[PDB]
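Trainee: Sharing a structure below in structure tokens format, with a few things to ask.
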Amino acid sequence: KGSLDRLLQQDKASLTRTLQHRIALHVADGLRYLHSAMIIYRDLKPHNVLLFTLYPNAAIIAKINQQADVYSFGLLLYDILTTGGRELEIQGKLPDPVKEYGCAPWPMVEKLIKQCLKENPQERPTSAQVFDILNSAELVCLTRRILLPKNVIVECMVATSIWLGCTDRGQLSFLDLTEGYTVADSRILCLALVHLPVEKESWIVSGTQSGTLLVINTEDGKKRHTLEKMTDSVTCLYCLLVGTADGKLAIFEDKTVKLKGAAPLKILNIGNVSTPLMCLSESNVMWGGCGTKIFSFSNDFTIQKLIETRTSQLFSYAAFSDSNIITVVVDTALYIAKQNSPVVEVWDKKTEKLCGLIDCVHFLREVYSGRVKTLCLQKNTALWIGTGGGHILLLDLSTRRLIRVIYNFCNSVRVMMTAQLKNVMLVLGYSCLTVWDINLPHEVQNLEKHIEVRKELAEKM
Amino acid sequence: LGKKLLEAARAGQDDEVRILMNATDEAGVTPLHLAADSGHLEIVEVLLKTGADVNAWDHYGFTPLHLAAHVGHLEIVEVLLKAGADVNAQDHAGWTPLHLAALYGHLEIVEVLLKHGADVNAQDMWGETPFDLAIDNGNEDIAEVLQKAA
């Protein structure tokens, strides 16, 4: 049903990203076969692809010097990613795809083009290697990948344009997704957003080690105000809640933020200085942990349940269990991550007792530190787990089984959470920021199934 | 058997001891490893004499000096370098016992290991020395003695 000229000419809308990475995968699965049985092409062009029937979830979508063919395939992949482009052919000086042609960003292909377009016919990747790199979910989705300058390390970030919280003087950096990134004595440990749709203004509030909460708006950084929480290092904000280092938590009314130095509606105390409250999650019942113990809110802002998670030390290491909570995510079961702990436990919100364990290093050693850093929960059933090293873990809450150990192209990972930019991830680590589509694990499963089906068909033929 | 011993060492066998006549686990926890977390003292005086390995690292990679600087102890370290535990063993994240000591503000431990021949130029893939770990957590007191011994 057509040839790969018309859709590149007129049918630009139907060329979705998952379909874009279905032709090149299928072309390189024929080029690999050709070079396997010692053949050459010398005319690999979009004119010789001749798709069968274009729609993503299809078994077959399109099908057709030795190293001079890989250059032509790289040119074809360039003309696939850039839906257009019609002495410069063999020049090695073509413009970057998104730089001039204005295509949607897509790393690990924008780099594959450069890798396969080198002006030296001896080290460009062979077709087997090019197909091997081409088939990968980390390549297919990876919506964006922004890089940050040296010694701009960060440990807190929030969506909306993305606010980045970064020396010994607290400075915050406004990042826009453009892509040109840009105020307290103490460094900003944690940061979160609140929204007031009634007054069509959004106040962005950051926590500092000196405890001087800041009130600024996203449209301009001029109208600035402060609150009067203080008394410790604010470790978590949520929408307004505050979690300090002494276990105290300060609830805030939505409309109190505009007033200068507004008092909390009611100061709630959990524990002592050795127990910091650093995690707050939305289920209308709040959840969170302090030191080593979990609690629960109600509609009148009072603790209802208070379970002790020190009793988890009967399993795993006491050196990990006897630690502060970093983050909590509340599904039907409770997931909390301990400080410098490669073990994530599963807590039952009903029986108030442990019901399972998740060993991050047990998944990691099948593919580098393993110590959990952040937890992310996605929609119905998909769990995202960080790691102290450079790693990303995907889990399936149905069976707690690994989907794919995504390797972040950085030494470590610090903070990640869901976002709505089209729904995307936001993974940040040492410093690089990577943006992934929410459908990453289902995409991994679908691509693996489709590749298995296609391999079976090719073995049949 | 081995599972019962390694689980009870976490709680503390005291009396039960071990087979008057060094099994691992699927998680790789050895009796000394599980024992040095709870920080008992009978553990390393009734099991080291038996012949339990001074260094039998875990899947995480954890000699029972990393654990002793993790939980925070004095007697366990004082005893375990009597046998001659490797003061320069490295975690799978490249943490030495001195690194973990400086991470948790134990001046006593860094003082103990430094006099026993602990280095200060130990390295990880993050390129951080125990001085960096000490300052990053705000425990400049340990960094002072590390600089003095540097």
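Trainee: Using the alpha carbon gyration tensor of segment A:304-410, what are the three equivalent-ellipsoid semi-axes (square root of 5 times each eigenvalue), largest first, in whole Å?
Mentor: They are 22, 16, 11 Å, listed from largest to smallest.
Trainee: Related question: Mind jotting down the distance between the C-alpha centroids of segment A:249-275 and segment A:48-110, whole Å?
Mentor: Going from one Cα centre to the other spans 56 Å.
Trainee: Which entries in A:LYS45/A:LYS455; A:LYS222/A:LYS258; A:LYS200/A:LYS255; A:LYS338/A:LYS373; A:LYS229/A:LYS266; A:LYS150/A:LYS223 show an alpha-carbon gap greater than 20 Å?
Mentor: A:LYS45/A:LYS455; A:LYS150/A:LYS223
Trainee: According to the square roots a ≥ b ≥ c of the eigenvalues of the Cα gyration tensor, what is the shape class of segment B:9-84, taking rounded for a/c under 1.5, prolate for a/b larger than b/c otherwise, and oblate for the remainder?
Mentor: Rounded, since a/c falls under 1.5.
Trainee: Going Cα to Cα from A:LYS12, which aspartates and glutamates come in below 15 Å? Please leave out same-chain ones fewer than 8 positions away.
Mentor: By straight Cα distance, A:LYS12 reaches A:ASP79.
Trainee: Separate question: Considering the Cα trace of segment A:1-124, what is its radius of gyration and what is Dmax, both in angstroms?
Mentor: So, for segment A:1-124, Rg and Dmax equal 14.1, 39 Å respectively.
Trainee: While we're here: Please report, to two decimal places, log10 I(q)/I(0) for the protein assembly as shown at q = 0.10 Å⁻¹ as given by the Debye formula with identical point scatterers on the Cα atoms and no solvent.
Mentor: Ignoring solvent entirely, the Cα scatterers give -1.01.
Trainee: With the calculation restricted to Cα positions, what are the radius of gyration and Dmax of segment B:2-149 in angstrom?
Mentor: Over segment B:2-149's Cα set, Rg and Dmax evaluate to 15.5, 50 Å.
Trainee: Check cross-link reach from A:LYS422 to the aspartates and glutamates: straight Cα distance under 14 Å, and skip same-chain residues fewer than eight apart.
Mentor: A:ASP437
Trainee: Moving on. If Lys and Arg each add +1 and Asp and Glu each add -1, what is the summed charge of the other residues whose beta carbon sits under 14 Å from the beta carbon of A:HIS362?
Mentor: My count for the surroundings of A:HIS362 gives -2.
Trainee: If the cut-off is a Cα-Cα distance under 19 Å, which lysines reach B:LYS115, setting aside same-chain residues fewer than 8 apart in sequence?
Mentor: B:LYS82, B:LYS148
Cβ atoms come from the backbone with ideal geometry, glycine included; neighbour counts cover every protein chain shown. Read-outs throughout are calculated quantities, based only on the coordinates presented, and are distinct from any laboratory measurement.
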